[PDB]
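Enquirer: Got a structure for you, written out below as structure tokens; questions coming shortly.
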Amino acid sequence: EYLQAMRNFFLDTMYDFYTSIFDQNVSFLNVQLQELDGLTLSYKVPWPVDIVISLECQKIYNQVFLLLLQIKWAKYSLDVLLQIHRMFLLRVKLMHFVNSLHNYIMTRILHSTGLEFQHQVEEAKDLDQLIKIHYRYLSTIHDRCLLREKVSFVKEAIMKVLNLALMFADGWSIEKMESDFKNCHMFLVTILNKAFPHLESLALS
Amino acid sequence: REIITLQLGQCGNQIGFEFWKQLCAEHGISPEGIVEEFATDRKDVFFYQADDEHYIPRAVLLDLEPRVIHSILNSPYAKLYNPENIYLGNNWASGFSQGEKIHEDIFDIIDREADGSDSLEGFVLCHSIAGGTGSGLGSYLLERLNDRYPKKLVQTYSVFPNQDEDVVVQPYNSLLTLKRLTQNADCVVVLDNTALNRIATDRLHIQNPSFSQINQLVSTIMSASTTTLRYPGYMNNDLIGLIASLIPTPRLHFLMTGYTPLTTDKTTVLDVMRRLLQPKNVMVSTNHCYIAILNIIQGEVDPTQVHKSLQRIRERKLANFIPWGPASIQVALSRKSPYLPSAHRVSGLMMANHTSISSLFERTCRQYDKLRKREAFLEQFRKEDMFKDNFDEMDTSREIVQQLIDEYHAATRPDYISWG
Amino acid sequence: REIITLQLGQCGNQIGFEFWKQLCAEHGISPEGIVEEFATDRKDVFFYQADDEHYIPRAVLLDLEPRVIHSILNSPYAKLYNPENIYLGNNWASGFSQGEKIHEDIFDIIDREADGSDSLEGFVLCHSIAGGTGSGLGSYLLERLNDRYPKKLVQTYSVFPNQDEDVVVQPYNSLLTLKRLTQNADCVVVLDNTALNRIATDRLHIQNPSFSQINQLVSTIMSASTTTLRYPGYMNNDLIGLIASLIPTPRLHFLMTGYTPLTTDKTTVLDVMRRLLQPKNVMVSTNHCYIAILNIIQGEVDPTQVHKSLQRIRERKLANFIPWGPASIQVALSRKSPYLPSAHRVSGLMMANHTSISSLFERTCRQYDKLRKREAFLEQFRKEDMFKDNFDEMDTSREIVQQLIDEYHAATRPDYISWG
């Protein structure tokens, strides 16, 4: 139940938590939770649960929570509407991709491993192997989500394609966005072809 | 986020009452509102947390010359809702003129229900085009929602009048209301009388009581589309983020709605996706192809099958789309509701934008033009005369839907730097 | 690969319906299409993998002035197929003129079924020559398939009108359709009314209801010829590679078809090969010899007997052929179908090109010429006049079949650097 709540706090209430951030005091947002990069926050973990839950645990989840907030940030900024026609193309050239990225982050990483890990810890009968499967879940999400290395040629592309949505949201000139976009898209698909062994599922998108 | 159903039209009030009894059976609640002993999950999308854990549904009942409220009054659903939300013709113009004079108190009703909710994000409409009382009053309500709330959503779950050429006044009303739905509504889920009636004649053995089973079909469709909002998943559970992926083309916001069980009385996700892309399983009626596809699968699902199904669906070229961007078919997962009284919990839904609906729209673009040339079916009603002296609003609606047709055909092209 | 049956003619529609109920009994399927609990093997040669494991048969029904569709309508085989594939005279020329005006929508039907399949390789025809509605419309359909699809196969399982000299208009129609089958079809499996009728009178005690047992015989022949395609073996399971060995002479593509059980109610492969080369077991009606022979044996077979049988068959000179190449008798093995409702699972088939069929063709080459000299049996129909004013198309067909006769007689020679 703590594991379900932990993936509920890092990665309902979170969209309210971010619509506060959309336009600050970060302890106010903690109380709002209790009912593009940067920023840290902590919450206390009780001791008999904190001896089977790691400390490196919190860091690894805080990284992907910031990533999910950036994903929803670009998805919300890129919808700003409810030559004059040209702006429309710079929606869908962008609106799909940060969304297709959302198909790879959610299902392929945060839904397969996240669902199997909760099932794995329920069947453990020993105290050591529950910690070991937790650490091997942390390492395999450290490999699936790229936090390690080659993250100055891959993760910066992921950041800057969300930055393009911010630049379109301000602009609501247009022709100077797609030249950057196709360039970083070509770099991304030439790197993510097989060069961890599951990144080809986004290179076809 | 939280959306409030505005029911209008005779079939609109029927699907509203059917939707509330469907949600009463779906959730673990009494017909007074009290929590049961078999019901934490969220019950805050359509229900206010009232007094004794009374999950009172937030709704607006609008009509003219009341008929169905008597059936509400002698039922236990006058003890579930109505703390005061129930408000008491045959043409678009008569309904427009009748809604003009009482716009103040119906806008006060909208303000009262907006103050009643805790997080207003959109106004969802359970409406029937040319239902009688719904025509005209619904379009004027859409104009009022567009003028007063540009910052909120307008969602329209609606059926559109197609009889395959019955009533000779409904193409004018449907084309005018369609122009109002393009300019004054934010998303339209389109349904048809012939498509639902044909599938009802296929899966059952009826032909005359079409309304009572169309109520069941539309209620199941609406519950399936709001399943991920009512019961917590973790993808795009606000209405804004959910419809954000659903509309690829900003003027073409009419969405296909399929449903893999036509009757709910094993299967893999590959087979129901192959089923679900076929138009025979869709309840919606040359080069036609989608622009962007999304499907939602809820049931006893294995997620690696969602992987392999998406792989094989996009590679075998059954997702048919030639866009001006990269816009594609999308998978989405949902949790099936705990304590459904329904069995066979595997169910699928698709929300996709297809250009083939333009052809159905072209039938309406034929019909009004045909009925403008014969000139015995505009009927020369005086309310239509005081609505517009030149009768150029119908020509404006025809121009808007002609732009819509050209925008569908331009979205088939890899260029949208030019539409007609 | 995958082939789609185009049934045309009265007996053609009869053998099509008989073939589909034969395949329904053969496979473990319901008369709705649902998989059974006694049915991995391949079911993709004639059946699309539709919605609920519904193996829907891919078929085209064509005729004129419908008769048999009523028998389809009051049966459970209007619930197995027909999602919309059923399309609704007495002479070749009337059928040709009737097919000329509606060539567009029947070509649209062919395009729709070609888009329905997943791997188009050939169009198989279940047809009857001079069946009434089949004559003329079938030849025009063959011309359309040759013009529109030169890259795909045209297979014709057909019976040919022989009454041993009944109807006085059928030799003209059969000779014209035979010329169309030479120029516009890729392979012809020839059957005869007298051969099937004589074997039916031999193995049974009937003479008047010939049609209903000819349906059974042709269905068993067609199922035996497609057994290795429907049920996976590992030799030449595409139609192209299977018929590649079957045709030795590129103009002589008429194949003998024998079947060692005449009635299906122990034996070695040597004995059924000695049986199978005899023309009395073949359902097809001077120096005559084969050009190339192939036989397919399916049952409880020992493969070393296939060895010793092939050795003794070719050495004892019962495979009779004088070719201009080395073309020979060929053995082939197949797996008998799991869950046949039929008992006595040992069955044999032969597909060989023999010059003796030329003599039967010569009878038609007599008959038209005889009926051209008496001149009371061309009948002077006006549709024949508007088909061709000079009536030289019949002379062209006679020239083509005369070249066919000379090519059979040149293929008997060790030289095919000269035919007449």
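Letters A, B, ... mark the chains of the structure tokens in the order given; residue numbers begin at 1 per chain; ligand numbers begin at 1, in order shown.
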Counting only C-alpha atoms, which residues in chain B sit no more than 7 Å from chain A? For each one, give the nearest pair of atoms and the distance in Å, sorted by chain then residue number, as a Markdown table.
Expert:
| residue | atom | partner | partner_atom | distance |
| --- | --- | --- | --- | --- |
| B:186 | CA | A:82 | CA | 6.8 |
| B:237 | CA | A:12 | CA | 6.8 |
| B:248 | CA | A:92 | CA | 6.9 |
| B:303 | CA | A:112 | CA | 6.7 |
| B:325 | CA | A:93 | CA | 5.0 |
| B:326 | CA | A:93 | CA | 6.1 |
| B:327 | CA | A:96 | CA | 5.5 |
| B:416 | CA | A:89 | CA | 6.9 |
| B:417 | CA | A:85 | CA | 5.9 |
Enquirer: Would you save the residues of that selection, restricted to N, CA, C and O atoms, as a short mmCIF file (atom, residue, chain, number, x, y, z; two decimals), in the first residue's frame?
Expert:
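Result file is selection.cif:
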data_model
loop_
_atom_site.label_atom_id
_atom_site.label_comp_id
_atom_site.auth_asym_id
_atom_site.auth_seq_id
_atom_site.Cartn_x
_atom_site.Cartn_y
_atom_site.Cartn_z
N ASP B 186 -16.94 22.76 -28.01
CA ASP B 186 -15.51 22.46 -28.06
C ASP B 186 -15.21 21.04 -28.52
O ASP B 186 -14.13 20.80 -29.07
N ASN B 237 -6.83 12.04 -16.74
CA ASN B 237 -8.13 11.87 -16.11
C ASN B 237 -8.89 13.18 -15.99
O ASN B 237 -10.05 13.17 -15.56
N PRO B 248 -7.16 15.81 -33.53
CA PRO B 248 -5.92 16.15 -34.25
C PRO B 248 -6.05 17.41 -35.10
O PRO B 248 -5.08 18.14 -35.30
N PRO B 303 -0.77 -6.37 -20.20
CA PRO B 303 -0.21 -5.17 -20.84
C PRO B 303 0.80 -5.45 -21.95
O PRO B 303 0.96 -4.59 -22.84
N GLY B 325 0.82 15.75 -40.44
CA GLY B 325 1.83 15.59 -39.43
C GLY B 325 2.14 14.13 -39.21
O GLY B 325 1.97 13.29 -40.10
N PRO B 326 2.64 13.79 -38.02
CA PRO B 326 2.90 12.38 -37.68
C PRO B 326 1.76 11.69 -36.95
O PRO B 326 2.00 10.64 -36.34
N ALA B 327 0.55 12.26 -36.98
CA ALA B 327 -0.51 11.88 -36.04
C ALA B 327 -0.99 10.46 -36.30
O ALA B 327 -1.22 10.06 -37.44
N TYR B 416 -1.76 20.86 -44.90
CA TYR B 416 -2.85 21.65 -44.32
C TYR B 416 -2.42 23.11 -44.27
O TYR B 416 -2.94 23.89 -43.46
N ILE B 417 -1.48 23.48 -45.13
CA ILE B 417 -1.20 24.89 -45.39
C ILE B 417 -2.16 25.43 -46.44
O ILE B 417 -2.14 26.62 -46.77
#
Enquirer: Check every residue of chain B for an atom within 12 Å of chain C, counting only C-alpha atoms, and provide those that qualify as a list in words.
Expert: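 Therefore, the residues near the partner are residues 202, 260, 261, 266, 267, 268, 269, 270, 271, 272, 273, 274, 275, 276, 277, 278, 280, 281, 316, 317 and 318 of chain B.
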Enquirer: Suppose we keep N, CA and C atoms; can you now write the selection as a PDB file, in the first residue's frame?
Expert:
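After the write, out.pdb holds the following:
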ATOM      1  N   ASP B 202     -29.663  -5.611 -35.675  1.00  0.00           N
ATOM      2  CA  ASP B 202     -28.741  -6.719 -35.891  1.00  0.00           C
ATOM      3  C   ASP B 202     -28.606  -7.563 -34.624  1.00  0.00           C
ATOM      4  N   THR B 260     -16.674  -2.660 -28.846  1.00  0.00           N
ATOM      5  CA  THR B 260     -16.508  -4.054 -29.264  1.00  0.00           C
ATOM      6  C   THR B 260     -17.590  -5.021 -28.767  1.00  0.00           C
ATOM      7  N   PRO B 261     -18.177  -4.897 -27.562  1.00  0.00           N
ATOM      8  CA  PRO B 261     -19.435  -5.626 -27.345  1.00  0.00           C
ATOM      9  C   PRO B 261     -20.636  -4.797 -27.779  1.00  0.00           C
ATOM     10  N   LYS B 266     -10.408 -16.093 -24.020  1.00  0.00           N
ATOM     11  CA  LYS B 266     -11.651 -15.471 -24.456  1.00  0.00           C
ATOM     12  C   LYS B 266     -11.388 -14.601 -25.680  1.00  0.00           C
ATOM     13  N   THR B 267     -10.803 -13.430 -25.444  1.00  0.00           N
ATOM     14  CA  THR B 267     -10.390 -12.546 -26.521  1.00  0.00           C
ATOM     15  C   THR B 267      -9.066 -11.887 -26.159  1.00  0.00           C
ATOM     16  N   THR B 268      -8.300 -11.543 -27.189  1.00  0.00           N
ATOM     17  CA  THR B 268      -7.094 -10.753 -27.007  1.00  0.00           C
ATOM     18  C   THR B 268      -7.341  -9.333 -27.498  1.00  0.00           C
ATOM     19  N   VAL B 269      -6.406  -8.439 -27.171  1.00  0.00           N
ATOM     20  CA  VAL B 269      -6.563  -7.048 -27.576  1.00  0.00           C
ATOM     21  C   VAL B 269      -6.307  -6.862 -29.069  1.00  0.00           C
ATOM     22  N   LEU B 270      -5.537  -7.767 -29.688  1.00  0.00           N
ATOM     23  CA  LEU B 270      -5.336  -7.735 -31.137  1.00  0.00           C
ATOM     24  C   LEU B 270      -6.650  -7.945 -31.880  1.00  0.00           C
ATOM     25  N   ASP B 271      -7.444  -8.918 -31.428  1.00  0.00           N
ATOM     26  CA  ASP B 271      -8.690  -9.253 -32.106  1.00  0.00           C
ATOM     27  C   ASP B 271      -9.737  -8.161 -31.923  1.00  0.00           C
ATOM     28  N   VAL B 272      -9.828  -7.572 -30.725  1.00  0.00           N
ATOM     29  CA  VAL B 272     -10.802  -6.497 -30.554  1.00  0.00           C
ATOM     30  C   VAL B 272     -10.334  -5.200 -31.199  1.00  0.00           C
ATOM     31  N   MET B 273      -9.026  -5.007 -31.408  1.00  0.00           N
ATOM     32  CA  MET B 273      -8.594  -3.850 -32.190  1.00  0.00           C
ATOM     33  C   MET B 273      -8.888  -4.038 -33.675  1.00  0.00           C
ATOM     34  N   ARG B 274      -8.719  -5.267 -34.185  1.00  0.00           N
ATOM     35  CA  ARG B 274      -9.093  -5.555 -35.569  1.00  0.00           C
ATOM     36  C   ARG B 274     -10.601  -5.432 -35.764  1.00  0.00           C
ATOM     37  N   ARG B 275     -11.374  -5.862 -34.764  1.00  0.00           N
ATOM     38  CA  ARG B 275     -12.816  -5.637 -34.740  1.00  0.00           C
ATOM     39  C   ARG B 275     -13.152  -4.153 -34.689  1.00  0.00           C
ATOM     40  N   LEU B 276     -12.408  -3.403 -33.880  1.00  0.00           N
ATOM     41  CA  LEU B 276     -12.818  -2.065 -33.486  1.00  0.00           C
ATOM     42  C   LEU B 276     -12.521  -1.045 -34.578  1.00  0.00           C
ATOM     43  N   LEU B 277     -11.522  -1.313 -35.422  1.00  0.00           N
ATOM     44  CA  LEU B 277     -11.266  -0.443 -36.564  1.00  0.00           C
ATOM     45  C   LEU B 277     -12.234  -0.672 -37.719  1.00  0.00           C
ATOM     46  N   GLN B 278     -12.979  -1.776 -37.717  1.00  0.00           N
ATOM     47  CA  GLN B 278     -13.985  -1.998 -38.749  1.00  0.00           C
ATOM     48  C   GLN B 278     -15.194  -1.097 -38.503  1.00  0.00           C
ATOM     49  N   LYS B 280     -18.286  -1.618 -39.175  1.00  0.00           N
ATOM     50  CA  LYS B 280     -19.493  -2.347 -38.808  1.00  0.00           C
ATOM     51  C   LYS B 280     -19.674  -2.452 -37.299  1.00  0.00           C
ATOM     52  N   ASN B 281     -18.585  -2.432 -36.533  1.00  0.00           N
ATOM     53  CA  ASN B 281     -18.666  -2.392 -35.079  1.00  0.00           C
ATOM     54  C   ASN B 281     -18.834  -0.978 -34.539  1.00  0.00           C
ATOM     55  N   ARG B 316       0.570  -3.598 -39.864  1.00  0.00           N
ATOM     56  CA  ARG B 316      -0.135  -4.280 -40.950  1.00  0.00           C
ATOM     57  C   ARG B 316      -1.024  -3.333 -41.755  1.00  0.00           C
ATOM     58  N   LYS B 317      -0.944  -2.022 -41.478  1.00  0.00           N
ATOM     59  CA  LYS B 317      -1.576  -0.942 -42.245  1.00  0.00           C
ATOM     60  C   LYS B 317      -3.103  -1.027 -42.193  1.00  0.00           C
ATOM     61  N   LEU B 318      -3.640  -1.390 -41.026  1.00  0.00           N
ATOM     62  CA  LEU B 318      -5.076  -1.279 -40.798  1.00  0.00           C
ATOM     63  C   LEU B 318      -5.442  -0.002 -40.057  1.00  0.00           C
TER      64      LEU B 318
END
Enquirer: Please identify all polymer residues within 7 Å of residue 298 (chain C), counting only C-alpha atoms, omitting same-chain residues fewer than 4 positions from it, and present them as a count of residues only.
Expert: 7
Enquirer: I'd like the contact shell of residue 378 (chain B) - 9 Å cut-off, only C-alpha atoms, skipping same-chain residues fewer than 4 positions apart - returned as an NGL selection string.
Expert: :B and (168-169 or 172 or 368 or 371-372)
Enquirer: Between CA of residue 73 (chain A) and CA of residue 171 (chain A), what is the spacing in Å?
Expert: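 Separating CA of residue 171 (chain A) from CA of residue 73 (chain A) is a distance of 16.4 Å.
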Enquirer: Mind the document's chain letters and residue numbers, and return as number ranges by chain the residues of region 130-343 of chain B that DSSP labels strand (DSSP E or B).
Expert: B: 153-160, 187-192, 254-259, 282, 290-298, 321, 329-334
Enquirer: Keeping only C-alpha atoms, write the selected residues as a PDB file, in the first residue's frame.
Expert:
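The resulting again-v5.pdb:
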ATOM      1  CA  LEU B 153     -15.221  22.993 -22.057  1.00  0.00           C
ATOM      2  CA  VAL B 154     -18.430  22.228 -23.933  1.00  0.00           C
ATOM      3  CA  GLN B 155     -18.889  18.492 -24.527  1.00  0.00           C
ATOM      4  CA  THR B 156     -21.805  17.207 -26.606  1.00  0.00           C
ATOM      5  CA  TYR B 157     -22.839  13.555 -26.570  1.00  0.00           C
ATOM      6  CA  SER B 158     -25.479  13.693 -29.258  1.00  0.00           C
ATOM      7  CA  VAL B 159     -27.455  11.728 -31.824  1.00  0.00           C
ATOM      8  CA  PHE B 160     -28.059  13.303 -35.232  1.00  0.00           C
ATOM      9  CA  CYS B 187     -15.964  18.732 -28.808  1.00  0.00           C
ATOM     10  CA  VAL B 188     -18.767  16.698 -30.404  1.00  0.00           C
ATOM     11  CA  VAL B 189     -19.291  12.949 -30.075  1.00  0.00           C
ATOM     12  CA  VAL B 190     -21.500  12.132 -33.063  1.00  0.00           C
ATOM     13  CA  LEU B 191     -24.098   9.347 -33.187  1.00  0.00           C
ATOM     14  CA  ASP B 192     -26.808   8.505 -35.704  1.00  0.00           C
ATOM     15  CA  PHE B 254     -16.167  14.932 -34.686  1.00  0.00           C
ATOM     16  CA  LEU B 255     -15.034  11.617 -33.238  1.00  0.00           C
ATOM     17  CA  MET B 256     -15.826   8.044 -34.208  1.00  0.00           C
ATOM     18  CA  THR B 257     -17.136   5.952 -31.333  1.00  0.00           C
ATOM     19  CA  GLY B 258     -16.955   2.181 -31.567  1.00  0.00           C
ATOM     20  CA  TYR B 259     -17.691  -0.443 -28.930  1.00  0.00           C
ATOM     21  CA  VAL B 282     -18.781   1.429 -34.959  1.00  0.00           C
ATOM     22  CA  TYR B 290      -8.417   8.716 -40.194  1.00  0.00           C
ATOM     23  CA  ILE B 291      -6.254  11.579 -38.959  1.00  0.00           C
ATOM     24  CA  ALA B 292      -5.490  10.325 -35.446  1.00  0.00           C
ATOM     25  CA  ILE B 293      -6.792   7.238 -33.653  1.00  0.00           C
ATOM     26  CA  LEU B 294      -6.974   6.456 -29.949  1.00  0.00           C
ATOM     27  CA  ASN B 295      -8.483   3.402 -28.287  1.00  0.00           C
ATOM     28  CA  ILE B 296      -9.159   2.574 -24.633  1.00  0.00           C
ATOM     29  CA  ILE B 297      -9.118  -1.039 -23.425  1.00  0.00           C
ATOM     30  CA  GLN B 298     -10.603  -1.987 -20.050  1.00  0.00           C
ATOM     31  CA  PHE B 321      -4.248   7.742 -42.145  1.00  0.00           C
ATOM     32  CA  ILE B 329      -3.007   5.474 -33.576  1.00  0.00           C
ATOM     33  CA  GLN B 330      -2.731   5.529 -29.777  1.00  0.00           C
ATOM     34  CA  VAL B 331      -3.268   2.841 -27.155  1.00  0.00           C
ATOM     35  CA  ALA B 332      -4.790   3.564 -23.771  1.00  0.00           C
ATOM     36  CA  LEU B 333      -5.596   1.352 -20.803  1.00  0.00           C
ATOM     37  CA  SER B 334      -8.323   1.589 -18.190  1.00  0.00           C
TER      38      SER B 334
END
Enquirer: Write out as number ranges by chain the residues lying within 10 Å of residue 86 (chain B), counting only C-alpha atoms and excluding same-chain residues fewer than 3 positions away.
Expert: B: 59-63, 69, 81-83, 109
Enquirer: As a PyMOL selection string, please: all residues of region 178-246 of chain C that backbone DSSP puts in helix (DSSP H, G or I).
Expert: chain C and resi 178-184+193-203+210-225+227-230+239-246
Enquirer: Please measure the separation of CA of residue 121 (chain B) and CA of residue 242 (chain B), giving the value in Å to one decimal.
Expert: 12.4 Å
Enquirer: Determine the nearest neighbour of residue 164 (chain A) from the options A:74, A:149, A:127, A:182, counting only C-alpha atoms.
Expert: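 Closest candidate: A:74.
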